[PDB]
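Next up is one chain by itself, shown in structure tokens, the form deposited in one PDB entry.
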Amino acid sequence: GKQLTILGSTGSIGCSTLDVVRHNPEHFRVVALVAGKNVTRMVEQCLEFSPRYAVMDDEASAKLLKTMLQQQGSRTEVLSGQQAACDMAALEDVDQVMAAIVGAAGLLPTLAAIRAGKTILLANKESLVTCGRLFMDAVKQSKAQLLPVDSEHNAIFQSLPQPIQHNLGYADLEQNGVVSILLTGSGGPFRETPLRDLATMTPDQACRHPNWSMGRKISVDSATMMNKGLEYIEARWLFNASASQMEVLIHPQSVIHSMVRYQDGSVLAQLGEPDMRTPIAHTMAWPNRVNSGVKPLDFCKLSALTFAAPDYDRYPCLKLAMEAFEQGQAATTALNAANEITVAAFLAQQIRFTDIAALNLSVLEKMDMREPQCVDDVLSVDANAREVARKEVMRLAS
């Protein structure tokens, strides 16, 4: 049985992760759960998985949770605050750490797990976007095994040779017969929309994800392909890949999750249903496999699979992300920050769908900052990009 702490257990990934342990109680044991303010869900989780510790990121939620657990008879030790989260992510006992706390708050805890040499199930994919360097450096200096939970990166992981799977992040791609990494995306809902109409697209239209359903912010990112841009940035750090070793390909059906091209012409791909339990279960069980609860993909009920090259005039955000990577970590975290503001602004109906890319570009032009040397520096860049982003939204909205 492997012991693990789930960073961000009340969220979607967290629940999908707990579902997987539910399918394999003999294989996994939850030692600790860490969450934010969703006390009700945290209570059910503690009552069902009996963790040694339950941590909230707030004293008000911790006491509120502590009262309910005691009322229910649970003796799970309650804690509060980011420091506690970091302690859970470094417990001598635990083997794996499901890093699913999104945003800045996930940085330090995830870093703690890495330093503690734990096996990290990286769901907090945005932490490579901002601390790619720091994180990969720390990963190598501790030999902590990184296992990407993101569907695209996981697909690539599974399609990569074993020597790279181990030593992930500092292994030599070319030396292992790998030509390039093929990152796939659906192209969003506006794949075939006339460029002329992109400026008038509405939040509800942009939120109609082509295949499966998901959050509004991440849906918009899928429509601008910024998600693919952020994933591009992450992949470069994660698989130690150069610009010429990366390819982006639109694949509307999203049956293939991503691929890897090899020296001899071979292309290895991972395919499957749109259910996060699959990549999650893959990482939790690696190098082996376990039942995930996901139905077997039925090839006889699929839409014909197609592919196409990404048109940059249609996806300026995708080009913007690629260009930013070559500029530095300051640029990528700034791009991420800005996109956070502009998308929320678009959803709030303050700016046009097309204003997302332009404003995003605009913020990077104004930044002009030095590459961070630590997390605290990253937070600094992030914060400055958000205010600049907010000024432009207000400047454009007024």
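Definition used throughout: the rigid core is the maximal C-alpha set that superposes within 1.5 Å between two forms. Start at 1 and count along the sequence shown; that's the residue number.
If you look for the form deposited in another entry, you will not find it shown, but the lines that follow are about it.
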query: Rigid core fit then residue 390 CA moved by 2 Å or more between the shown form and the other one; finding: yes
query: Rigid-core frame, C-alpha of residue 198, shift of 2 angstroms or more between the shown form and the other one; finding: yes
query: Rigid core superposed: residue 313 CA moves 2 Å or more between the shown form and the other one; finding: yes
